[PDB]
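To be precise, the following lines are query09.tsv, and they hold TSV, N, CA and C atoms.
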chain	number	residue	atom	x	y	z
W	1	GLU	N	-21.68	-0.45	54.02
W	1	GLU	CA	-21.57	-1.04	55.35
W	1	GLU	C	-22.42	-2.30	55.49
W	2	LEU	N	-23.65	-2.22	54.99
W	2	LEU	CA	-24.59	-3.34	55.04
W	2	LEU	C	-23.98	-4.60	54.45
W	3	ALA	N	-23.39	-4.49	53.26
W	3	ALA	CA	-22.86	-5.66	52.58
W	3	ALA	C	-21.79	-6.33	53.44
W	4	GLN	N	-20.90	-5.52	54.01
W	4	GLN	CA	-19.83	-6.08	54.82
W	4	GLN	C	-20.38	-6.80	56.05
W	5	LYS	N	-21.43	-6.25	56.67
W	5	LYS	CA	-22.03	-6.90	57.84
W	5	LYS	C	-22.72	-8.20	57.47
W	6	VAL	N	-23.54	-8.18	56.42
W	6	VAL	CA	-24.26	-9.37	56.00
W	6	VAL	C	-23.28	-10.48	55.62
W	7	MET	N	-22.27	-10.13	54.83
W	7	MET	CA	-21.32	-11.13	54.34
W	7	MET	C	-20.33	-11.58	55.41
W	8	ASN	N	-19.99	-10.74	56.38
W	8	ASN	CA	-19.17	-11.24	57.48
W	8	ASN	C	-19.87	-12.40	58.17
W	9	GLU	N	-21.19	-12.30	58.32
W	9	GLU	CA	-21.99	-13.38	58.87
W	9	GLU	C	-22.08	-14.53	57.88
W	10	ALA	N	-22.45	-14.24	56.62
W	10	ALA	CA	-22.75	-15.31	55.68
W	10	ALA	C	-21.53	-16.20	55.46
W	11	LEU	N	-20.33	-15.60	55.46
W	11	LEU	CA	-19.10	-16.35	55.19
W	11	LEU	C	-18.84	-17.42	56.24
W	12	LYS	N	-19.43	-17.32	57.42
W	12	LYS	CA	-19.22	-18.35	58.44
W	12	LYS	C	-19.78	-19.69	57.98
W	13	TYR	N	-20.73	-19.69	57.04
W	13	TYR	CA	-21.44	-20.88	56.59
W	13	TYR	C	-20.99	-21.33	55.21
W	14	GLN	N	-19.87	-20.81	54.72
W	14	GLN	CA	-19.36	-21.23	53.42
W	14	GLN	C	-19.03	-22.72	53.41
W	15	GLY	N	-19.58	-23.45	52.45
W	15	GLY	CA	-19.38	-24.88	52.34
W	15	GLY	C	-20.37	-25.73	53.10
W	16	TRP	N	-21.26	-25.12	53.87
W	16	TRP	CA	-22.23	-25.88	54.65
W	16	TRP	C	-23.30	-26.50	53.77
W	17	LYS	N	-23.99	-27.49	54.32
W	17	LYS	CA	-25.04	-28.17	53.58
W	17	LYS	C	-26.32	-27.37	53.63
W	18	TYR	N	-27.02	-27.32	52.50
W	18	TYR	CA	-28.36	-26.77	52.47
W	18	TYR	C	-29.29	-27.64	53.30
W	19	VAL	N	-30.17	-27.01	54.08
W	19	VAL	CA	-31.16	-27.74	54.85
W	19	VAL	C	-32.50	-27.06	54.65
W	20	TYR	N	-33.48	-27.81	54.15
W	20	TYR	CA	-34.78	-27.22	53.88
W	20	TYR	C	-35.39	-26.79	55.21
W	21	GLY	N	-35.94	-25.59	55.26
W	21	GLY	CA	-36.55	-25.08	56.50
W	21	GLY	C	-35.56	-24.42	57.45
W	22	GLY	N	-34.28	-24.47	57.13
W	22	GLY	CA	-33.26	-23.93	58.04
W	22	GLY	C	-33.18	-22.41	58.04
W	23	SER	N	-33.13	-21.82	59.22
W	23	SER	CA	-33.04	-20.34	59.34
W	23	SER	C	-32.07	-19.91	60.45
W	24	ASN	N	-31.24	-20.82	61.00
W	24	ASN	CA	-30.23	-20.36	61.95
W	24	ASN	C	-29.02	-21.28	61.90
W	25	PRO	N	-27.87	-20.83	62.43
W	25	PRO	CA	-26.67	-21.67	62.41
W	25	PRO	C	-26.84	-23.05	63.04
W	26	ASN	N	-27.68	-23.19	64.07
W	26	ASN	CA	-27.86	-24.50	64.71
W	26	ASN	C	-28.38	-25.55	63.74
W	27	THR	N	-29.18	-25.14	62.75
W	27	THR	CA	-29.77	-26.08	61.81
W	27	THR	C	-29.10	-26.05	60.45
W	28	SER	N	-28.32	-25.01	60.15
W	28	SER	CA	-28.00	-24.64	58.77
W	28	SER	C	-29.24	-24.11	58.07
W	29	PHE	N	-29.14	-23.83	56.77
W	29	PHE	CA	-30.00	-22.84	56.15
W	29	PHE	C	-30.59	-23.33	54.84
W	30	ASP	N	-31.78	-22.80	54.53
W	30	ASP	CA	-32.28	-22.76	53.17
W	30	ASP	C	-32.00	-21.37	52.59
W	31	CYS	N	-32.43	-21.12	51.35
W	31	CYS	CA	-32.03	-19.87	50.70
W	31	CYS	C	-32.47	-18.61	51.43
W	32	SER	N	-33.75	-18.58	51.80
W	32	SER	CA	-34.28	-17.41	52.46
W	32	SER	C	-34.07	-17.43	53.98
W	33	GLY	N	-33.70	-18.60	54.51
W	33	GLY	CA	-33.26	-18.67	55.89
W	33	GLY	C	-31.89	-18.05	56.04
W	34	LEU	N	-31.01	-18.30	55.07
W	34	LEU	CA	-29.68	-17.69	55.10
W	34	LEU	C	-29.79	-16.17	55.06
W	35	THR	N	-30.55	-15.65	54.10
W	35	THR	CA	-30.69	-14.20	54.01
W	35	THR	C	-31.36	-13.60	55.25
W	36	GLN	N	-32.44	-14.22	55.74
W	36	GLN	CA	-33.08	-13.67	56.93
W	36	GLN	C	-32.11	-13.61	58.10
W	37	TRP	N	-31.37	-14.70	58.34
W	37	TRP	CA	-30.42	-14.73	59.45
W	37	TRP	C	-29.34	-13.66	59.31
W	38	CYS	N	-28.68	-13.62	58.15
W	38	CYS	CA	-27.55	-12.72	57.96
W	38	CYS	C	-27.97	-11.26	57.96
W	39	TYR	N	-29.08	-10.93	57.29
W	39	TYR	CA	-29.56	-9.56	57.37
W	39	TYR	C	-29.95	-9.21	58.80
W	40	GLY	N	-30.51	-10.18	59.53
W	40	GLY	CA	-30.85	-9.96	60.92
W	40	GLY	C	-29.65	-9.55	61.75
W	41	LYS	N	-28.49	-10.18	61.48
W	41	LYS	CA	-27.29	-9.86	62.25
W	41	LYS	C	-26.83	-8.45	61.95
W	42	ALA	N	-27.21	-7.93	60.79
W	42	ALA	CA	-26.80	-6.63	60.30
W	42	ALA	C	-27.83	-5.58	60.66
W	43	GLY	N	-28.90	-5.99	61.34
W	43	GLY	CA	-29.91	-5.10	61.87
W	43	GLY	C	-31.09	-4.88	60.95
W	44	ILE	N	-31.26	-5.71	59.92
W	44	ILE	CA	-32.40	-5.63	59.02
W	44	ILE	C	-33.31	-6.83	59.27
W	45	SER	N	-34.59	-6.56	59.49
W	45	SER	CA	-35.58	-7.61	59.68
W	45	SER	C	-36.16	-8.01	58.33
W	46	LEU	N	-35.95	-9.28	57.93
W	46	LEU	CA	-36.61	-9.76	56.72
W	46	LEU	C	-37.64	-10.83	57.05
W	47	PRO	N	-38.68	-10.95	56.23
W	47	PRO	CA	-39.62	-12.07	56.37
W	47	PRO	C	-39.00	-13.38	55.90
W	48	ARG	N	-39.69	-14.48	56.18
W	48	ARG	CA	-39.09	-15.83	56.03
W	48	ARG	C	-38.95	-16.37	54.61
W	49	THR	N	-39.91	-16.13	53.72
W	49	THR	CA	-39.80	-16.81	52.43
W	49	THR	C	-39.16	-15.90	51.39
W	50	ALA	N	-38.66	-16.54	50.32
W	50	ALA	CA	-38.07	-15.81	49.20
W	50	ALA	C	-39.08	-14.84	48.58
W	51	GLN	N	-40.32	-15.29	48.39
W	51	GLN	CA	-41.38	-14.45	47.86
W	51	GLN	C	-41.65	-13.25	48.77
W	52	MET	N	-41.74	-13.50	50.07
W	52	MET	CA	-41.99	-12.41	51.01
W	52	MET	C	-40.86	-11.37	51.02
W	53	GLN	N	-39.63	-11.87	50.90
W	53	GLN	CA	-38.47	-11.00	50.81
W	53	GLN	C	-38.49	-10.18	49.52
W	54	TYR	N	-38.89	-10.81	48.41
W	54	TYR	CA	-39.06	-10.05	47.18
W	54	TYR	C	-40.05	-8.91	47.38
W	55	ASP	N	-41.18	-9.21	48.01
W	55	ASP	CA	-42.24	-8.21	48.16
W	55	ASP	C	-41.91	-7.13	49.18
W	56	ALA	N	-40.89	-7.33	50.01
W	56	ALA	CA	-40.41	-6.36	50.97
W	56	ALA	C	-39.27	-5.49	50.46
W	57	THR	N	-38.80	-5.70	49.23
W	57	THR	CA	-37.69	-4.92	48.71
W	57	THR	C	-38.14	-4.03	47.56
W	58	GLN	N	-37.27	-3.07	47.24
W	58	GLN	CA	-37.47	-2.19	46.05
W	58	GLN	C	-36.62	-2.80	44.95
W	59	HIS	N	-37.15	-2.93	43.74
W	59	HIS	CA	-36.50	-3.73	42.72
W	59	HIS	C	-35.74	-2.90	41.70
W	60	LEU	N	-34.71	-3.52	41.15
W	60	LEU	CA	-33.77	-2.86	40.26
W	60	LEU	C	-33.06	-3.92	39.45
W	61	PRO	N	-32.54	-3.58	38.28
W	61	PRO	CA	-31.84	-4.57	37.46
W	61	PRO	C	-30.51	-4.94	38.08
W	62	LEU	N	-30.01	-6.10	37.67
W	62	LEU	CA	-28.70	-6.53	38.13
W	62	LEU	C	-27.63	-5.51	37.79
W	63	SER	N	-27.77	-4.83	36.64
W	63	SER	CA	-26.78	-3.83	36.23
W	63	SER	C	-26.67	-2.66	37.20
W	64	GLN	N	-27.70	-2.41	38.02
W	64	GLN	CA	-27.69	-1.33	38.99
W	64	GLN	C	-27.43	-1.84	40.40
W	65	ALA	N	-27.46	-3.15	40.59
W	65	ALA	CA	-27.38	-3.74	41.92
W	65	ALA	C	-26.03	-3.45	42.56
W	66	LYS	N	-26.04	-3.33	43.88
W	66	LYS	CA	-24.83	-3.13	44.66
W	66	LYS	C	-24.71	-4.29	45.65
W	67	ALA	N	-23.49	-4.55	46.10
W	67	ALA	CA	-23.31	-5.60	47.09
W	67	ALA	C	-24.23	-5.34	48.28
W	68	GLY	N	-24.90	-6.39	48.76
W	68	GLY	CA	-25.85	-6.27	49.84
W	68	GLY	C	-27.29	-6.13	49.37
W	69	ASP	N	-27.51	-5.91	48.08
W	69	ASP	CA	-28.83	-6.13	47.53
W	69	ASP	C	-29.10	-7.63	47.45
W	70	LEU	N	-30.37	-8.00	47.44
W	70	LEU	CA	-30.78	-9.38	47.22
W	70	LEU	C	-31.00	-9.61	45.72
W	71	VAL	N	-30.89	-10.86	45.30
W	71	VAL	CA	-31.19	-11.25	43.93
W	71	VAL	C	-32.23	-12.36	43.96
W	72	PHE	N	-33.25	-12.24	43.11
W	72	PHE	CA	-34.39	-13.15	43.12
W	72	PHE	C	-34.55	-13.82	41.77
W	73	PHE	N	-35.12	-15.02	41.80
W	73	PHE	CA	-35.23	-15.88	40.64
W	73	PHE	C	-36.60	-16.53	40.62
W	74	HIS	N	-37.03	-16.89	39.41
W	74	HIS	CA	-38.23	-17.67	39.19
W	74	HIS	C	-37.91	-19.04	38.60
W	75	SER	N	-38.93	-19.90	38.62
W	75	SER	CA	-38.98	-21.19	37.93
W	75	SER	C	-37.80	-22.12	38.23
W	76	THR	N	-37.19	-22.00	39.41
W	76	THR	CA	-36.10	-22.91	39.74
W	76	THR	C	-36.58	-24.23	40.33
W	77	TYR	N	-37.82	-24.30	40.82
W	77	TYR	CA	-38.45	-25.56	41.21
W	77	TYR	C	-39.97	-25.38	41.10
W	78	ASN	N	-40.70	-26.46	41.36
W	78	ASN	CA	-42.17	-26.48	41.27
W	78	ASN	C	-42.78	-25.81	42.49
W	79	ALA	N	-43.19	-24.55	42.34
W	79	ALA	CA	-43.64	-23.75	43.47
W	79	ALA	C	-44.93	-23.03	43.13
W	80	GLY	N	-45.70	-22.72	44.17
W	80	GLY	CA	-46.91	-21.92	43.98
W	80	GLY	C	-46.58	-20.47	43.71
W	81	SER	N	-45.55	-19.96	44.37
W	81	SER	CA	-45.17	-18.57	44.23
W	81	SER	C	-44.27	-18.37	43.01
W	82	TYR	N	-44.29	-17.14	42.48
W	82	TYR	CA	-43.46	-16.81	41.34
W	82	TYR	C	-41.98	-16.82	41.72
W	83	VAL	N	-41.64	-16.23	42.85
W	83	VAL	CA	-40.26	-16.22	43.32
W	83	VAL	C	-39.94	-17.58	43.94
W	84	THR	N	-38.89	-18.22	43.42
W	84	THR	CA	-38.48	-19.55	43.84
W	84	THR	C	-37.11	-19.59	44.48
W	85	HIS	N	-36.33	-18.51	44.39
W	85	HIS	CA	-35.00	-18.53	44.99
W	85	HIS	C	-34.54	-17.11	45.30
W	86	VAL	N	-33.73	-16.97	46.35
W	86	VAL	CA	-33.08	-15.71	46.67
W	86	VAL	C	-31.62	-15.97	47.05
W	87	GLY	N	-30.78	-14.97	46.78
W	87	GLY	CA	-29.39	-14.96	47.20
W	87	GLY	C	-28.95	-13.53	47.44
W	88	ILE	N	-27.69	-13.38	47.86
W	88	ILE	CA	-27.12	-12.09	48.22
W	88	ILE	C	-26.20	-11.65	47.10
W	89	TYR	N	-26.43	-10.46	46.53
W	89	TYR	CA	-25.49	-9.92	45.57
W	89	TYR	C	-24.22	-9.43	46.27
W	90	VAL	N	-23.07	-9.81	45.72
W	90	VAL	CA	-21.80	-9.44	46.33
W	90	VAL	C	-20.90	-8.68	45.36
W	91	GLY	N	-21.48	-8.13	44.30
W	91	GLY	CA	-20.73	-7.39	43.31
W	91	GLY	C	-20.18	-8.29	42.21
W	92	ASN	N	-19.80	-7.65	41.10
W	92	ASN	CA	-19.08	-8.32	40.01
W	92	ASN	C	-19.83	-9.53	39.46
W	93	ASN	N	-21.16	-9.42	39.39
W	93	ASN	CA	-22.01	-10.46	38.83
W	93	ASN	C	-21.96	-11.75	39.64
W	94	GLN	N	-21.63	-11.65	40.93
W	94	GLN	CA	-21.58	-12.84	41.76
W	94	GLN	C	-22.63	-12.73	42.85
W	95	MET	N	-23.13	-13.89	43.28
W	95	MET	CA	-24.02	-13.95	44.42
W	95	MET	C	-23.52	-15.02	45.39
W	96	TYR	N	-23.89	-14.84	46.65
W	96	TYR	CA	-23.67	-15.82	47.70
W	96	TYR	C	-25.02	-16.32	48.16
W	97	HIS	N	-25.15	-17.64	48.18
W	97	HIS	CA	-26.50	-18.17	48.44
W	97	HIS	C	-26.49	-19.61	48.93
W	98	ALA	N	-27.63	-20.03	49.45
W	98	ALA	CA	-27.87	-21.43	49.76
W	98	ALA	C	-28.86	-21.91	48.70
W	99	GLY	N	-28.38	-22.59	47.66
W	99	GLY	CA	-26.99	-22.99	47.48
W	99	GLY	C	-26.65	-24.28	48.20
W	100	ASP	N	-26.13	-25.26	47.47
W	100	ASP	CA	-25.74	-26.51	48.11
W	100	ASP	C	-24.49	-27.03	47.41
W	101	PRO	N	-23.32	-26.95	48.04
W	101	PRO	CA	-23.12	-26.31	49.35
W	101	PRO	C	-23.32	-24.79	49.30
W	102	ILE	N	-23.50	-24.20	50.48
W	102	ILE	CA	-23.67	-22.75	50.57
W	102	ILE	C	-22.40	-22.06	50.08
W	103	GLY	N	-22.56	-21.01	49.27
W	103	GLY	CA	-21.38	-20.30	48.81
W	103	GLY	C	-21.66	-19.44	47.58
W	104	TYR	N	-20.59	-19.12	46.88
W	104	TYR	CA	-20.64	-18.21	45.75
W	104	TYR	C	-21.03	-18.92	44.46
W	105	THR	N	-21.71	-18.15	43.60
W	105	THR	CA	-22.01	-18.55	42.23
W	105	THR	C	-21.96	-17.31	41.34
W	106	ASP	N	-21.63	-17.52	40.06
W	106	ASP	CA	-21.51	-16.43	39.10
W	106	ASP	C	-22.80	-16.25	38.31
W	107	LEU	N	-23.43	-15.08	38.47
W	107	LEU	CA	-24.72	-14.74	37.86
W	107	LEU	C	-24.65	-14.50	36.36
W	108	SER	N	-23.46	-14.37	35.78
W	108	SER	CA	-23.36	-14.17	34.34
W	108	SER	C	-23.88	-15.37	33.55
W	109	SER	N	-23.93	-16.55	34.16
W	109	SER	CA	-24.29	-17.78	33.45
W	109	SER	C	-25.68	-17.66	32.83
W	110	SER	N	-25.86	-18.35	31.70
W	110	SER	CA	-27.18	-18.39	31.07
W	110	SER	C	-28.26	-18.89	32.02
W	111	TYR	N	-27.94	-19.87	32.88
W	111	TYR	CA	-28.95	-20.38	33.80
W	111	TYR	C	-29.46	-19.27	34.71
W	112	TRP	N	-28.55	-18.54	35.36
W	112	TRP	CA	-29.02	-17.50	36.27
W	112	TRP	C	-29.68	-16.35	35.51
W	113	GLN	N	-29.15	-16.00	34.33
W	113	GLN	CA	-29.73	-14.92	33.54
W	113	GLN	C	-31.17	-15.23	33.15
W	114	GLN	N	-31.45	-16.49	32.82
W	114	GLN	CA	-32.78	-16.87	32.35
W	114	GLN	C	-33.76	-17.15	33.48
W	115	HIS	N	-33.29	-17.37	34.70
W	115	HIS	CA	-34.19	-17.49	35.84
W	115	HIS	C	-34.31	-16.20	36.63
W	116	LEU	N	-33.49	-15.20	36.32
W	116	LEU	CA	-33.49	-13.95	37.06
W	116	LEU	C	-34.87	-13.30	37.02
W	117	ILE	N	-35.29	-12.77	38.16
W	117	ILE	CA	-36.37	-11.80	38.22
W	117	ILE	C	-35.79	-10.39	38.26
W	118	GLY	N	-34.87	-10.18	39.17
W	118	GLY	CA	-34.27	-8.88	39.38
W	118	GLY	C	-33.63	-8.84	40.75
W	119	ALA	N	-33.04	-7.70	41.04
W	119	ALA	CA	-32.48	-7.46	42.35
W	119	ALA	C	-33.45	-6.66	43.21
W	120	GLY	N	-33.23	-6.71	44.52
W	120	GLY	CA	-34.04	-5.97	45.46
W	120	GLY	C	-33.18	-5.30	46.50
W	121	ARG	N	-33.46	-4.03	46.78
W	121	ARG	CA	-32.73	-3.28	47.82
W	121	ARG	C	-33.56	-3.28	49.10
W	122	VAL	N	-32.92	-3.55	50.24
W	122	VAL	CA	-33.63	-3.64	51.50
W	122	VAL	C	-33.83	-2.25	52.09
W	123	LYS	N	-34.82	-2.14	52.97
W	123	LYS	CA	-35.44	-0.86	53.30
W	123	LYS	C	-34.49	0.07	54.06
Target encoding structure tokens, full file:
Amino acid sequence: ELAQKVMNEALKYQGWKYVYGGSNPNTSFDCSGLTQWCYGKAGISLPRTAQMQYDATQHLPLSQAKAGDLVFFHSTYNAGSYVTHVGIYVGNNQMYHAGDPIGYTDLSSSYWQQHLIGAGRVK
């Protein structure tokens, strides 16, 4: 149920431009702004940053992940925190994320595999 609620919201922003600092439809979204907003619509309260969201979830490999789990990554840009990116797992090795434009990407790629930290299940 969670996945369908989060993604019904997230799909409204498919193709939108990434905006740094964005956390609502009025501004558009950054990676963890998209997840915070969409999970919020589904009744889950998440913290604002990708790192904070990582630390609020229970972790599991991508092979065990289910749609509606989050997926986290390291070393995607020059950051103080270990976690540098988050997106939404939607099954079949795909994630939906911001992302520029916002939308789907395939996690099977070497790039995502090598930046992967793991998946996280929300509380």
From (-26.6, -13.9, 59.9), in the file's coordinates, out to 8 Å: which residues are reached, counting only N, CA and C atoms? Answer as number ranges by chain. W: 5-11, 24-25, 33-42
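The interatomic distance for the pair atom CA of residue W:31 and atom CA of residue W:97 works out to 6.2 Å.
One distance worth recording is that between atom CA of residue W:2 and atom CA of residue W:77, which is 29.6 Å.
Neighbouring residues of residue W:66 at 6.5 Å or closer, counting only N, CA and C atoms and skipping chain neighbours under 2 positions away, are residues 64, 68, 69, 89, 90 and 91 of chain W.
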Run DSSP on the backbone and give me the residues of stretch 33-120 of chain W it puts in alpha helix (DSSP H), as a PyMOL selection string. chain W and resi 33-41+50-55+110-115
Within 6.5 Å of residue W:58, counting only N, CA and C atoms, which residues show up once you throw out same-chain ones fewer than 5 positions away? Write them as a ChimeraX atom specification, please. /W:119-123
Where does DSSP see strand (DSSP E) in chain W, if you list the residues as an MDAnalysis selection string? chainID W and resid 23:24 28:29 58:60 70:74 83:89 94:97 103:106 116:121
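Interatomic distance, atom N of residue W:115 to atom C of residue W:47: 22.3 Å.
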All residues 7 Å or closer to residue W:103, only C-alpha atoms, same chain fewer than 5 positions away omitted, as a ChimeraX atom specification: /W:14-15,96-98
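With distances taken from (-19.9, -11.0, 39.8) and restricted to only N, CA and C atoms, the residues inside 7 Å are residues 90, 91, 92, 93, 94, 95, 105, 106, 107 and 108 of chain W.
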Work out where the centre of an axis-aligned box around every listed atom of stretch 37-48 of chain W lies and how long its edges are once 6 Å is added on each side; give both in Å to one decimal as JSON.
{"center_x": -33.2, "center_y": -10.6, "center_z": 58.4, "size_x": 24.9, "size_y": 23.5, "size_z": 19.6}
Taking the block just given, write stretch 3-95 of chain W to a file that holds C-alpha atoms, as a PDB file, in the first residue's frame.
ATOM      1  CA  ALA W   3       4.495   2.123  -2.432  1.00  0.00           C
ATOM      2  CA  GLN W   4       1.292   2.908  -4.308  1.00  0.00           C
ATOM      3  CA  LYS W   5       0.639   5.978  -2.128  1.00  0.00           C
ATOM      4  CA  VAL W   6       4.184   7.350  -2.355  1.00  0.00           C
ATOM      5  CA  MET W   7       4.388   6.788  -6.117  1.00  0.00           C
ATOM      6  CA  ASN W   8       0.912   8.147  -6.856  1.00  0.00           C
ATOM      7  CA  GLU W   9       2.300  11.395  -5.447  1.00  0.00           C
ATOM      8  CA  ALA W  10       5.791  11.118  -6.927  1.00  0.00           C
ATOM      9  CA  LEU W  11       4.474  10.531 -10.465  1.00  0.00           C
ATOM     10  CA  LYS W  12       2.915  14.011 -10.479  1.00  0.00           C
ATOM     11  CA  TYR W  13       6.477  15.407 -10.752  1.00  0.00           C
ATOM     12  CA  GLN W  14       7.758  13.149 -13.534  1.00  0.00           C
ATOM     13  CA  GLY W  15       9.923  15.204 -15.884  1.00  0.00           C
ATOM     14  CA  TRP W  16      10.222  18.170 -13.528  1.00  0.00           C
ATOM     15  CA  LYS W  17      13.467  20.036 -12.976  1.00  0.00           C
ATOM     16  CA  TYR W  18      15.640  19.291  -9.976  1.00  0.00           C
ATOM     17  CA  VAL W  19      15.843  22.272  -7.623  1.00  0.00           C
ATOM     18  CA  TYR W  20      18.412  22.347  -4.838  1.00  0.00           C
ATOM     19  CA  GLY W  21      16.696  22.866  -1.474  1.00  0.00           C
ATOM     20  CA  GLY W  22      13.262  21.987  -2.890  1.00  0.00           C
ATOM     21  CA  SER W  23      10.840  20.056  -0.655  1.00  0.00           C
ATOM     22  CA  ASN W  24       7.344  20.830  -2.022  1.00  0.00           C
ATOM     23  CA  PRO W  25       5.478  21.045  -5.354  1.00  0.00           C
ATOM     24  CA  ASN W  26       5.528  24.873  -5.291  1.00  0.00           C
ATOM     25  CA  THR W  27       9.332  24.847  -5.602  1.00  0.00           C
ATOM     26  CA  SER W  28      10.015  21.423  -7.110  1.00  0.00           C
ATOM     27  CA  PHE W  29      12.393  19.091  -5.382  1.00  0.00           C
ATOM     28  CA  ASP W  30      15.846  17.888  -4.509  1.00  0.00           C
ATOM     29  CA  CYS W  31      16.421  14.173  -3.858  1.00  0.00           C
ATOM     30  CA  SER W  32      15.484  14.079  -0.208  1.00  0.00           C
ATOM     31  CA  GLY W  33      12.867  16.788  -0.631  1.00  0.00           C
ATOM     32  CA  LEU W  34      11.044  14.544  -3.089  1.00  0.00           C
ATOM     33  CA  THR W  35      11.098  11.590  -0.706  1.00  0.00           C
ATOM     34  CA  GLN W  36      10.121  13.659   2.335  1.00  0.00           C
ATOM     35  CA  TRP W  37       7.159  15.196   0.484  1.00  0.00           C
ATOM     36  CA  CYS W  38       5.870  11.976  -1.076  1.00  0.00           C
ATOM     37  CA  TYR W  39       6.253   9.858   2.048  1.00  0.00           C
ATOM     38  CA  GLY W  40       4.536  12.681   3.929  1.00  0.00           C
ATOM     39  CA  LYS W  41       1.508  12.377   1.647  1.00  0.00           C
ATOM     40  CA  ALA W  42       1.435   8.658   2.464  1.00  0.00           C
ATOM     41  CA  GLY W  43       1.484   9.382   6.198  1.00  0.00           C
ATOM     42  CA  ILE W  44       5.181   8.776   6.936  1.00  0.00           C
ATOM     43  CA  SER W  45       7.243  11.566   8.493  1.00  0.00           C
ATOM     44  CA  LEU W  46      10.805  11.664   7.161  1.00  0.00           C
ATOM     45  CA  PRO W  47      13.640  14.033   8.093  1.00  0.00           C
ATOM     46  CA  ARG W  48      15.003  16.459   5.487  1.00  0.00           C
ATOM     47  CA  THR W  49      18.411  15.216   4.368  1.00  0.00           C
ATOM     48  CA  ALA W  50      19.421  12.017   2.588  1.00  0.00           C
ATOM     49  CA  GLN W  51      21.766  11.158   5.480  1.00  0.00           C
ATOM     50  CA  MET W  52      19.045  11.736   8.060  1.00  0.00           C
ATOM     51  CA  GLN W  53      16.656   9.546   6.078  1.00  0.00           C
ATOM     52  CA  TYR W  54      19.295   6.815   5.923  1.00  0.00           C
ATOM     53  CA  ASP W  55      19.688   6.970   9.705  1.00  0.00           C
ATOM     54  CA  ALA W  56      15.891   6.766  10.198  1.00  0.00           C
ATOM     55  CA  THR W  57      15.469   3.542   8.197  1.00  0.00           C
ATOM     56  CA  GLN W  58      16.267  -0.151   8.727  1.00  0.00           C
ATOM     57  CA  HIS W  59      18.735  -1.310   6.086  1.00  0.00           C
ATOM     58  CA  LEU W  60      18.659  -4.243   3.704  1.00  0.00           C
ATOM     59  CA  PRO W  61      20.261  -5.223   0.393  1.00  0.00           C
ATOM     60  CA  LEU W  62      18.724  -4.280  -2.907  1.00  0.00           C
ATOM     61  CA  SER W  63      18.014  -7.992  -3.479  1.00  0.00           C
ATOM     62  CA  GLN W  64      15.561  -7.911  -0.529  1.00  0.00           C
ATOM     63  CA  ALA W  65      14.150  -4.444  -1.195  1.00  0.00           C
ATOM     64  CA  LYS W  66      10.469  -3.972  -1.972  1.00  0.00           C
ATOM     65  CA  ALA W  67       8.757  -1.113  -3.759  1.00  0.00           C
ATOM     66  CA  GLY W  68       8.432   1.778  -1.319  1.00  0.00           C
ATOM     67  CA  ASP W  69      11.764   1.150   0.337  1.00  0.00           C
ATOM     68  CA  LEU W  70      14.317   3.929  -0.067  1.00  0.00           C
ATOM     69  CA  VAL W  71      17.664   3.453  -1.814  1.00  0.00           C
ATOM     70  CA  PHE W  72      20.780   5.295  -0.661  1.00  0.00           C
ATOM     71  CA  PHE W  73      24.108   6.059  -2.307  1.00  0.00           C
ATOM     72  CA  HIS W  74      27.543   7.387  -1.436  1.00  0.00           C
ATOM     73  CA  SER W  75      30.217   9.449  -3.214  1.00  0.00           C
ATOM     74  CA  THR W  76      27.902  10.978  -5.826  1.00  0.00           C
ATOM     75  CA  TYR W  77      29.157  14.509  -5.030  1.00  0.00           C
ATOM     76  CA  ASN W  78      31.567  16.316  -2.664  1.00  0.00           C
ATOM     77  CA  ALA W  79      29.762  16.055   0.673  1.00  0.00           C
ATOM     78  CA  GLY W  80      30.554  15.958   4.368  1.00  0.00           C
ATOM     79  CA  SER W  81      28.124  13.113   4.974  1.00  0.00           C
ATOM     80  CA  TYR W  82      28.612   9.563   3.737  1.00  0.00           C
ATOM     81  CA  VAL W  83      25.123   9.400   2.217  1.00  0.00           C
ATOM     82  CA  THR W  84      24.987  11.663  -0.843  1.00  0.00           C
ATOM     83  CA  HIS W  85      21.782  10.595  -2.605  1.00  0.00           C
ATOM     84  CA  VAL W  86      18.401   8.966  -1.992  1.00  0.00           C
ATOM     85  CA  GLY W  87      15.644   7.654  -4.248  1.00  0.00           C
ATOM     86  CA  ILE W  88      12.525   5.490  -4.087  1.00  0.00           C
ATOM     87  CA  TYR W  89      12.723   1.794  -4.959  1.00  0.00           C
ATOM     88  CA  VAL W  90       9.889   0.828  -7.297  1.00  0.00           C
ATOM     89  CA  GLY W  91      10.736  -2.829  -7.924  1.00  0.00           C
ATOM     90  CA  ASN W  92      12.563  -4.622 -10.737  1.00  0.00           C
ATOM     91  CA  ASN W  93      15.896  -2.893 -10.039  1.00  0.00           C
ATOM     92  CA  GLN W  94      14.396   0.516 -10.775  1.00  0.00           C
ATOM     93  CA  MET W  95      14.249   3.665  -8.693  1.00  0.00           C
TER      94      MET W  95
END
